[PDB]
Amino acid sequence: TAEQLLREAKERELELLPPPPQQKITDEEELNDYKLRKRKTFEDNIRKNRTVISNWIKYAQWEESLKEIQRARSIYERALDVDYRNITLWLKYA
RNA sequence: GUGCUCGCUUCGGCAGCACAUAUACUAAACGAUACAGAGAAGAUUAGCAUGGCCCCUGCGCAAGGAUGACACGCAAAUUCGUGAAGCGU
């Protein structure tokens, strides 16, 4: 029991760093720059795998959230244009 | 303009032939530097692989650059049991 419990304590202490959520939505356009960096990270993640479903879905949720209509319709239009079969994804974009 | 032909009448004047539309695209990453040093379940490293919104060396579909470097797990949707309160023709 000391081995499994020791693995539970060491595993609980094995997490790497807490989040640093500071300066949330501040300095006016600086938040738009942070959205540009996040959208750049999403563009690189979707760029690593062209067949990626998940990353496209997260780009659609965060898109529709912070991208309003235009860029969100560009995410759903790009992913929809890159997807012919697997119409369930077309139902997600719909 | 030149050369030639008196071709027309004076050395020079006039006329005819031959030479016959150039130039433009003309003229005005890599150096230098501080840093720190390198993947594969306890320590060290063979290598070869896969896709680019990354390249250099290399005539080169030869090959070489620490395995040349870059590169983590989200799911399109529910269903049944127990207790408490309110309403009911």
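None of the figures in this text is laboratory data; all of them are computed from the coordinates on show.
List of remarks:
- Separation between Cα centres of the range A:1-59 and the range A:63-94, rounded to whole Å: 22
- Legend: P(r) of chain A from all alpha carbon pair distances, 10 Å bins from 0, whole percents, reading 14, 33, 22, 18, 12, 2.
- Calculated [θ] (222 nm, deg cm²/dmol) that DSSP helices of n ≥ 4 give over chain A, each run adding -39,500 (n - 2.57): -20500 deg cm²/dmol
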